[PDB]
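Heads up, what comes next is one protein chain in two forms, each shown on its own as structure tokens, labelled structure 1 and structure 2.
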Structure 1
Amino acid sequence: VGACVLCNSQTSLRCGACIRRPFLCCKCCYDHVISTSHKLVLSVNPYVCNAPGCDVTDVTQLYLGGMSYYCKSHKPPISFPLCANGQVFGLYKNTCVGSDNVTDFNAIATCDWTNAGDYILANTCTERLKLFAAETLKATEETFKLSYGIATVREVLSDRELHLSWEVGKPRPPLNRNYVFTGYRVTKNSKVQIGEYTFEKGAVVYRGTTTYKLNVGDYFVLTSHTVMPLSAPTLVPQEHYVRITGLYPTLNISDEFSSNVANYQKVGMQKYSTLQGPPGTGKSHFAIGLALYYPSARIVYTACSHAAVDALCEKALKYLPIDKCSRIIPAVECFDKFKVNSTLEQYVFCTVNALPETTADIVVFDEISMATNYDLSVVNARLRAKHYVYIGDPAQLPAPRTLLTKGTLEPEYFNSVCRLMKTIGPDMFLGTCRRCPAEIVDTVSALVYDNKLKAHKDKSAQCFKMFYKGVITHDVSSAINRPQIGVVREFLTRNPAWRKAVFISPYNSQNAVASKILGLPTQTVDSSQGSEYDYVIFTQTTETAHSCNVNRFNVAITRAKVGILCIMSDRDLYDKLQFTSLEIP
């Protein structure tokens, strides 16, 4: 018993072919079963034939005879059909409103999440379908991980390197950082966790959470979890106020936070606010300064990743009283300088998925590009707050969508918050990049910030681009451009000061080859997000949708504090780089 995801009409019916078993009202359930392949209907019991060894589960072929359900063949002489009068039978028949179209629900209930159009719909439907879409999608994602073969340690060739035997008749996951495994030790009559791991082509290189002397017969599965049902919306209803509400500004602020005082007042004068902070513009400085501006405010600092919560902790460690802070950790090494798991502390730092049920003066949700509507809903379900501040940058990278293959996901569809920031604009903008040379700031300002991003620094004159397609090879799930690495190696011989550079590419296999040939530290663009280096050498590797994605490119070139060399495949992005062109040797 529950509430029709289309009407809200109370019901005793959930579609049992739908992987999330959403409650459907007599009208909406009926319109659903008749217009799709979904015909299992669940109530107090499941609408299935109770006859001895009968397979009929289709609600349009079933009857309530006695107090059981039967198909045509096995029904008693006295019965009625479960599924007639443009409605399916169940409790609360009389209360039931239905919908003009069930078209959006049907698409969400039945899509396989491989088309961009599936995510576009999930982020433009009614709020209640946004929750059903986010649950349906996360469940589909978690089920897809079970499709992958077990990987087993066949041989231990060295430390940090392994030989893997793969389960037959199941596919193998890509071996990159977006696929975190769990090891397991072979025991008497069961198995125990031995940490979370990542793998990369060698044999395979393994980067584990903890060290071990892991031996043969240890095996790896992408640990999947239970997706809980969602209740709270992606955004609470917006409210604008005429005064600062439920907060009391400090009378003395330091010139270090003075640039944010107007924005801090805007936070206190609406229910939720969006802050777009391009790279190096002071997102975490903003977030911690809010605490100092409203010194009495209880603030929960959340984000999706331990790293993002940790960065907020590292900024708080500088500026806030340590004794007033707590890191929430569920029973991976994260921040260990605050007291642990003290919910009632003034300043709570905690990942979305570990949030306690509590209230707060302000909730700060950082790195919003990386949130899903699933995460947005969970924050609203766990935290009741006077104010919500959503900090991030719809021009940076979203959560990977493992199932997505046909089309690109635009920023307005990353989640509800990113949708607001791309359609109505952000409430607040940090307009001065402090990190990057002016050639990089100007480039991304035009590319993705509608020329609103301003440079603190001068031109470095250490920003270079080279147009070189080279040669692309593919391994199981990545790309390599040896000749592009060749160009970087030749550049390094004529410019050996660049040997302090970090090497960045859109591909782990490109990074693996560059590490061996160049000896630079390597980062995927996706793994460089939030980090900074003096010198960056970027090889585009390919001209794919992945390597040309403007958000990935933005993140790639904004890592550089001083200098950058971009070896480009794509004429388009090459031409948009406001950098000094270099000829090929």
Structure 2
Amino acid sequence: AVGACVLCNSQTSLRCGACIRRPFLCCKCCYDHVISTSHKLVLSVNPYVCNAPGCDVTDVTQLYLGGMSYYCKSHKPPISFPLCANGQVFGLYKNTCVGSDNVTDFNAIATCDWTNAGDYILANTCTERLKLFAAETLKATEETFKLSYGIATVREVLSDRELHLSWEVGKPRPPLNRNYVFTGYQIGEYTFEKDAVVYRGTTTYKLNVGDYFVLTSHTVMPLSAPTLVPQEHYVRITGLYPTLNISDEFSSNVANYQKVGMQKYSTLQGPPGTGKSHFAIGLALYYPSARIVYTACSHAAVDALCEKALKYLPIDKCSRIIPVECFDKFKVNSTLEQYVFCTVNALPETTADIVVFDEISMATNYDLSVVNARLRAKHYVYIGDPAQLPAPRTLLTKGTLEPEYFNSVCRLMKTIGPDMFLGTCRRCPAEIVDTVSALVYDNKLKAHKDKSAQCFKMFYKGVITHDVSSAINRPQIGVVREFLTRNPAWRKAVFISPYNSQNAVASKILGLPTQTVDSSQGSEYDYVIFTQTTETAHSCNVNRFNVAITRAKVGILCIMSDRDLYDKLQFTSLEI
């Protein structure tokens, strides 16, 4: 009942009872909260409510201190004082209170519903203490909203991978994609996709009629550590001990490795195929005695760091921390190993000489705080690319979230700039590099490869159907099918689109492996076939387009719906 104010850290006995997270607010910050918002319930050792029998007055602006108890205007004794007075709510430490000038930010964070991009902008431009309050409050809203969806019950099972579902009436249905993971009843986690639904479970299980699936609402724990520790700059490499000689394969990074050792935290922007994993593992080779924790939000990102480490680091010194199918070539759950590879959600409480946090565009401020709370490190290295994709914000429906508001690290990379930048793309044909360099990298990304002369574009609007909110463009797929008959080397291509439903139709008609742009991030393929499917904000987002066309190592075919993006592609145009 006694804590530190969320705005100014002053000691207080007050909490807002209307906020979902019930933050501490000092006497001065609490007044500015209740006097400007619909939040009028204040909590202390005892709740600020009228204590007379039968009275239901809970609005603190209508309550008075009489004796040691609280009463409304109709019940208060003659010798009383208002709880709200002199810009201050009565509590404890009323004289120590310092107040704050950012209460208008607090009030917006505390009262918003997280459906507007402007809510996320404020959550990333406020003070550090407010960033934590916003992250906790958003996550709580996301989890509680997951209870509003209807339950799905198995009516009949058609095969080992398809079934028919019944949906609870009166409640809305969750989208059927690989992002919405359901818990079965605990028969394990299940995902569904599109009559019949295709189902996928972590384990094979005999699914009976009546079994049900629900979205799993995770409880939300309070944050304590900042999203970024306060920065420090050192006069020399601190806590690290460089090798005498490093293999020339990594020598081009030595100046950046020295910079890592000379400040508390460092940021590295690495465009697609510029060597982010190579950099991260080279760090271990340059500081061979350093204990390094490699982390990221997704198992796929951790696994990729593992694959690189397997080639360059001693296998006996590595461990993959596993609470799905993860990398299996290291010892599992050996927390004490020199090199530990772990997703953020599974991090143990440990110390390290260096923490490497990869795929930073996909992190939220909640993730950044958890990493700092769990990992006490001498140095922190944030690796990623604000021109790539962010974590989905399930509640956001109004407005687009720009990269400078993805999280605290992306914000720094977009305002003051990254500490380090890998400027040579080694993966893609020059036609692609030149396109994305101008599109999102201010022309600073260089191509190592030549033009491939296997990069093609076609403008074809087609016909857009929809399966709920997922779009399908069958004519665009028909164009691809005709292209394949004439370009047989592309039978090994991967089909990519912004929409799951389009991928499902392409899979059936074309037979190629398919991937959504978002799922493709971090992967590379020789040949890519991309169908824009529609012209929407989703399908024209430059970050998403950047990711889509930089998957290719040799050739890409883009079937485009949007004239502006089509014209930017520095590809040979095809006719048909």
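We call the rigid core whatever largest set of C-alpha positions still superposes within 1.5 Å between the two forms. Just so we're on the same page, residue numbers count up from 1 along structure 1's sequence.
Looking at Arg128, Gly208, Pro46, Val102, the entry at the hinge of the rigid-part motion between structures 1 and 2 is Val102, while the rest lie more than 12 positions from any hinge. If you fit the larger rigid part between structures 1 and 2 on its C-alpha atoms, the smaller part is left turned by 14 degrees.
Core-aligned Cα shift between structures 1 and 2 at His474: this is 1.5 Å. Core-superposed comparison between structures 1 and 2: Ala84 shows a Cα shift of 4.7 Å. Core fit done between structures 1 and 2; CA of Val340 shifted by 2.5 Å.
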